[PDB]
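Structure at a glance
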Amino acid sequence: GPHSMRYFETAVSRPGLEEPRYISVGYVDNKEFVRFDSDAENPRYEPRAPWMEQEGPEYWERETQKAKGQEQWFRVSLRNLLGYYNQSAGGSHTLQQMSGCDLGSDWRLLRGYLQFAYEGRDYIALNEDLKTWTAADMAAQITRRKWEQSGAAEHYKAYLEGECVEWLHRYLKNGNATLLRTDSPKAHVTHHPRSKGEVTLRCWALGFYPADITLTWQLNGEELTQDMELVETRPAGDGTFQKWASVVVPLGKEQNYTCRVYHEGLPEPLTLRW
Amino acid sequence: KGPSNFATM
Amino acid sequence: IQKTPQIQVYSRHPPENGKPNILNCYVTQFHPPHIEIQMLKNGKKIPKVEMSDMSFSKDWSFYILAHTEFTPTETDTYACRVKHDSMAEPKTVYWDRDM
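Residues numbered from 1 in each chain as written, not as in the entry; some residues may be left out. Chains lettered and ligands numbered in written order. Heavy atoms only, no water.

Looking now at the overall build of chain C. A count of helical and extended segments in chain C gives zero helices and nine strands. Each helix (α) and strand (β) of chain C, taken in turn from the N terminus, gives the series β-β-β-β-β-β-β-β-β. Against the globule reference of 13 Å for 99 residues, chain C gives a C-alpha radius of gyration of 14 Å, in line with a compact fold. Projected onto the principal axes, the alpha-carbon positions of chain C cover approximately 45 × 25 × 25 Å. By sequence separation, contacts in chain C at least 24 residues apart represent 60% of the contacts at least 6 residues apart. Carbon and sulfur atoms make up 49% of the accessible area of chain C, which totals about 5400 Å². Of the side chains in chain C, 12 bear a positive and 12 a negative charge, and the two mean positions are spaced by 3 Å. (Helix = DSSP H or I, 4+ residues; strand = E, 2+ residues; numbered from the N terminus. Rg over C-alpha atoms; globule rule 2.2 N^0.38 Å. Contact = heavy atoms within 4.5 Å. Areas by Shrake-Rupley, 256 points an atom, 1.4 Å probe, with all protein chains shown as cover. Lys, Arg positive; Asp, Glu negative; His and termini not counted. Charge placed at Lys NZ, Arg CZ, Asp CG, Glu CD.)

Spelled out as structure tokens, the structure:
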């Protein structure tokens, strides 16, 4: 049982609006548990899972203050970036950040993350060593040297190995049956008429969590990259996910076709047919 | 709990 | 640079004519995050459509789930219409109960 935490943060400026909007969302094991939004009437971190209500008022106040700090940070960085790319006034601009930690099943730190994007594109990221920086862009090199000069990495590294890990542990305790759980996929195959002498077989997987899943079709062993049709995994909107894969099959040589569903929540992969 | 960032960009 | 919205329109539960259900419009992979999503029933904007809050994926692209109560019938057509800077005109996609 591995775990993770992330914060996803965004500042967005728009031609007219006077100062940026800043949003931060926290996840535990890929599920949103906290959120902050400067557009709100009274901007504060808010719980986004029941088990976060446990946290007392000081937690919220202090996180709230840190958010206001992040907002100011993004605001200045946006203004700096505008200059590094020689962008004029009059456009919209975006700065995003992903941060957090992965733990193994033993709850020890597997890996820290710290990554930034500007206009939706990789700007600078902290390497896995939590010591050196990747920055592709010529403009991005000004930041890399600035952050190398200031020993930024050691500080992020301390956050990732320490506070990030320590608070995730606490969260994992505070919500133990809300994260410990997966829902297995319920799968069925539907039948649709088609061109003369041909039918579309649609293998559905429903009601699963987490979202990662794999669907395949076999003509008795042989998988099919051959114009097999699918849809991107999508939310039911109730916290599970949906996905289907379909294929075209000679009407009445249809029984020769089996679907398989791969998902973590499964005792083992499913095999399904009309 | 999230990062509190250091040197600006 | 602009990333154009991918759009899926589909129901929460397997559709049954006359049975109350929920209709999703899942818009993904777009940038910048500003976006307008309408849901339509027989070509008329549906009043009270819920919109999830701004999120983005590990590839940095944004995504949004719009959804609304509906009862499928034989004859009613449902559609999602998305306006985004990446596209010259609004993109409409029609609900297909088999997908």
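Once the structure has been displayed, the description carries forward.
Looking now at empty space enclosed by the protein. Here the structure, examined in full by the defined rule, presents two cavities of 30 Å³ or more. Each pocket or cavity is described by its volume, and for the largest cavity that value is around 40 Å³. In terms of lining residues, the largest cavity is bounded by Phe8, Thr10, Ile23 and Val25 of chain A together with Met54, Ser55 and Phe56 of chain C. Elements supplying a minimum of two residues to the lining of the largest cavity: β1 (3-13) and β2 (21-28) of chain A together with β6 (55-56) of chain C. Of the residues contributing to the lining of the largest cavity, the split by class is five nonpolar, two polar and no charged. Size it by volume and the second largest cavity reaches roughly 30 Å³. (1 Å grid on protein atoms, 1.4 Å probe; cavity = no way out; pocket = protein on both sides within 12 Å on 5 of 7 lines; lining within 4 Å. Points joined across faces, edges and corners; volume = space filled by probe spheres on them. Nonpolar A, V, L, I, M, F, W, Y, C, P; charged D, E, K, R; others polar.)

Parsing chain A into structural domains produces domain 1 (1-181) and domain 2 (182-272). One C-alpha centre belongs to domain 1 of chain A, the other to domain 2 of chain A; they are set 36 Å apart. (Domains from an automatic or database assignment.)

Here the focus is the sheet that holds strand β4 (residues 46-47) of chain A. All names here are of chain A. What the eight strands build is an open sheet, ordered β4-β3-β2-β1-β5-β6-β7-β8; its pairing is antiparallel. On the outer flanks of this sheet lie β4 and β8 (133-134), each paired with one strand and no other. Note that strand β7 (residues 121-126) and β8 share two bridges and pair antiparallel. By the bridge assignment for β8, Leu126 is matched with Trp133. Where helix α1 (residues 57-84) meets the sheet, it contacts β1, β2, β3 (31-37), β4, β5 (93-103), β6 (109-118) and β7, and its direction lies at approximately 130° from that of β5. Across the sheet, helix α2 (residues 140-149) touches β6, β7 and β8, and the angle it forms with β7 is around 15°. (Pairing = 2+ DSSP bridges. Axes fitted to C-alpha atoms, helices over the stretch in contact; angles between N-to-C directions.)

All names here are of chain A. Between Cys101 and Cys164, for which a disulfide is recorded in UniProt, an S-S distance of 2.1 Å is seen, short enough (under 2.5 Å) for the bond to be assigned. Of this pair, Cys101 sits in strand β5 while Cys164 sits in helix α3 (residues 152-174), and the two are 63 residues apart along the sequence. On the accessibility criterion, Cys164 (0% relative accessible area) is buried. At 2.0 Å between sulfur atoms, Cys203 and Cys259 form the disulfide that UniProt records. Within this pair, whereas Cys203 is found in strand β10 (residues 198-208), its partner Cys259 is found in strand β15 (residues 258-262), the two being separated by 56 residues in sequence. Given the relative accessible area of 0%, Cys203 is considered buried. (Disulfide = S-S within 2.5 Å. UniProt positions renumbered as here; feature names shortened; annotations may be inferred. Buried < 20%, exposed > 50% of the residue type's maximum accessible area, 1.4 Å probe, protein only.)

Another aspect to go through is the UniProt feature "domain: Ig-like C1-type" in chain C. Mapped onto this numbering, the UniProt entry gives "domain: Ig-like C1-type" at residues 5-94 of chain C. End C-alpha to end C-alpha, residues 5-94 of chain C measures 15 Å, and it is 0% helix and 52% strand.

By secondary structure assignment, the location of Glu32 of chain A is in strand β3. Only 3.1 Å separates the side chain of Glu32 of chain A from the side chain of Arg35 of chain A, close enough to count as a polar contact. (Polar contact = N/O pair within 3.5 Å; in protein donor to acceptor, adjacent residues only side chain to side chain.)

This part takes up the side chain of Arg12 of chain C. One can find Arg12 of chain C in the loop between β1 (6-11) and β2 (21-30). One buried charged residue, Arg12 of chain C, forms no salt bridge at all, with the nearest opposite charge on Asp238 of chain A at 5.1 Å. A polar side-chain atom of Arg12 of chain C sits 3.2 Å from the main-chain carbonyl oxygen of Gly237 of chain A. Excluding residues that lie within four positions of it along the chain, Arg12 of chain C makes contacts with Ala236, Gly237, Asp238 and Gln242 of chain A together with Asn21, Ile22 and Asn24 of chain C. (Salt bridge = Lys/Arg side-chain N within 4 Å of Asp/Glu carboxyl O.)

Right, let's talk about the interface of chain B and chain A for a bit. Each partner contributes to the interface: chain B provides nine residues, whereas chain A provides 31 residues. The largest share of the area that chain B buries against chain A comes from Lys1, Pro3 and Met9 of chain B, three residues that together contribute 56% of it. Our enumeration of links across chain B and chain A arrives at zero salt bridges. Remark: the boundary between chain B and chain A carries 16 residue pairs in polar contact. Split by residue class, the side of chain B that touches chain A holds four nonpolar, four polar and one charged. (Buried area = accessible area lost by both parts, 1.4 Å probe.)

Let us now look at the state of the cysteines. Applying the stated criterion across every chain yields a total of three disulfides over all chains. Here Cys203 of chain A engages in a disulfide with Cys259 of chain A; their sulfurs sit 2.0 Å apart. Judged by the sign of its S-S torsion, about -75°, the cystine formed by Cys203 of chain A and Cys259 of chain A is left-handed. Residue pairing for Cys25 of chain C: its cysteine sulfur links by disulfide to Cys80 of chain C, the two sulfurs lying 2.1 Å apart. Of note, the bridge from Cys25 of chain C to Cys80 of chain C carries an S-S torsion of about -85° and is left-handed in sense. Of the two residues, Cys25 of chain C is situated in strand β2 and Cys80 of chain C in strand β8 (residues 78-83); the sequence distance between them amounts to 55 residues. Given a relative accessible area of 1%, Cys80 of chain C falls into the buried group. Counting only the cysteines that take part in disulfides, in the order they occur along chain A, gives the pairing 1-2, 3-4.

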